[PDB]
Structure formats: C-alpha cells, structure tokens
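Enquirer: The sequence shown begins at 13 in the entry's author numbering and counts up by one.
One structure, pasted below without further comment.
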Amino acid sequence: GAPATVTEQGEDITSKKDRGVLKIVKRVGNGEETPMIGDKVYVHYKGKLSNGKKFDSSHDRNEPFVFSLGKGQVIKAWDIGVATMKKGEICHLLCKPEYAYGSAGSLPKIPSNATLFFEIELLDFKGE
Ligand SMILES: COc1ccc(OCCN2CC[C@H]3CCC[C@@H](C2=O)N3S(=O)(=O)c2ccc3[nH]c(=O)sc3c2)cc1OC
Numbered sequence: 013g014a015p016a017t018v019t020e021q022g023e024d025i026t027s028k029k030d031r032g033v034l035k036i037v038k039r040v041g042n043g044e045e046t047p048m049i050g051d052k053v054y055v056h057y058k059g060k061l062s063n064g065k066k067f068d069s070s071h072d073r074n075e076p077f078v079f080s081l082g083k084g085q086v087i088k089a090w091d092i093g094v095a096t097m098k099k100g101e102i103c104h105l106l107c108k109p110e111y112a113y114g115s116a117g118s119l120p121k122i123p124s125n126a127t128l129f130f131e132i133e134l135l136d137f138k139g140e
C-alpha cells in the first residue's frame with residue numbers, strides 16, 4: 013500500500029540524509045514557489061500508524077490545519093516536508109520517530125518509537 017511504497021520508493025528530504033523523512037509527490041502543485049519560514053500554511057492531512065490505524069484527519073473535521081512554518085509548531089518532519097511543497101501539491105511523507113514523537117509518543121494515539129505516514133495537501137500559504 014501507500015506506506016510501503018513511500019518507505020521503499022520515497023526520496024530522502026532531510027538535510028542530514030539520514031532517511032528520517034521520505035517523500036513522494038502524488039499531485040504536482042502550482043508553479044515553483046514553496047512557502048517561506050514564518051508563513052501561515054493551510055493544509056489538509058491524514059495520518060496513519062505503522063499498524064494501519066488512522067490516527068488523525070483534518071478532512072474529517074471539515075477545516076484545514078493551520079500553522080506557522082519552520083517554528084517547531086509541528087513535528088520536525090512536517091516543518092521539513094511542508095517546506096518542500098508547492099501550492100496545490102499533495103504528497104506522502106514517511107516520518108521516522110526522530111522526526112516525529114520519538115520515544116515519548118503522544119497519548120492517546122501515537123505509541124513510543126512510532127514511524128508515521130501522512131498524506132498532506134498544501135492548500136495555501138501566506139506571509140503575515
Ligand atoms: C517541535 O516539536 C513538536 C511540535 C509539535 C508537536 O505536536 C503538536 C503538533 N502536532 C499535532 C497536530 C497534528 C498535525 C500536525 C503534525 C502533528 C503535530 O505536530 N500532529 S499529528 O497528526 O502527528 C497528531 C494528530 C493527532 C494526535 N492525537 C494524539 O493523541 S497524538 C496526535 C498527533 C510535537 C513536537 O515534537 C514532538
């Protein structure tokens with residue numbers, strides 16, 4: 013399935029090249045511009061654990077998830093991954109725990125040492 017495919021066929025987008033964050037572009041977005049640090053970014057996403065369980069979805073809430081890019085408001089994999097996206101892009105990200113919730117996990121849904129899969133759509137980005 014998609015998690016296996018990004019695990020085996022994804023591109024390492026980390027600066028360390030430690031394969032901690034792998035990406036596949038699923039839908040090519042618009043133009044060449046990616047967001048800049050501090051931009052307000054609007055995304056839709058769904059996340060799955062490596063046991064196949066969906067643990068979150070913005071679609072199911074009928075509202076996007078909004079954060080300021082590159083400020084540690086989200087897991088490291090998201091700051092790194094969303095920074096690579098164009099407006100309108102959909103990607104898959106495979107996130108090792110060192111770029112996610114680490115040994116701590118995140119109760120109630122994310123266990124210790126969890127590799128996470130996300131589908132992310134970059135809806136918009138704007139400077140404030
Ligand atoms: C700078 O370092 C950090 C900053 C913020 C962090 O977490 C708060 C931000 N945040 C939650 C929003 C959401 C979308 C954005 C990505 C991610 C997220 O970052 N989660 S998520 O889908 O993985 C997700 C969803 C439901 C859910 N239910 C649970 O019981 S656990 C859980 C996890 C953690 C950081 O380092 C550990």
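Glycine residues also receive a C-beta, built at the ideal position from the N, C-alpha and C atoms.
Check for me: the alpha helix (DSSP H) holding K88 runs from which residue to which?
Expert: Note, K88: alpha helix (DSSP H), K88 to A95.
Enquirer: Taking the continuous alpha helix (DSSP H) assigned at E20, which residues delimit it?
Expert: Where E20 is concerned, the enclosing alpha helix (DSSP H) stretches over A14 to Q21.
Enquirer: For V53 versus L81, is the C-beta distance shorter than 9 angstroms?
Expert: Contact: yes.
Enquirer: When you compare the region 66 to 86 with the region 18 to 25, are there three or more beta-carbon pairs, one atom per stretch, that lie closer than 8 angstroms?
Expert: Verdict: no, contact absent.
Enquirer: If you follow the beta strand (DSSP E) that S69 is in, where does it begin and where does it stop?
Expert: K66 to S69 is the extent of the beta strand (DSSP E) around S69.
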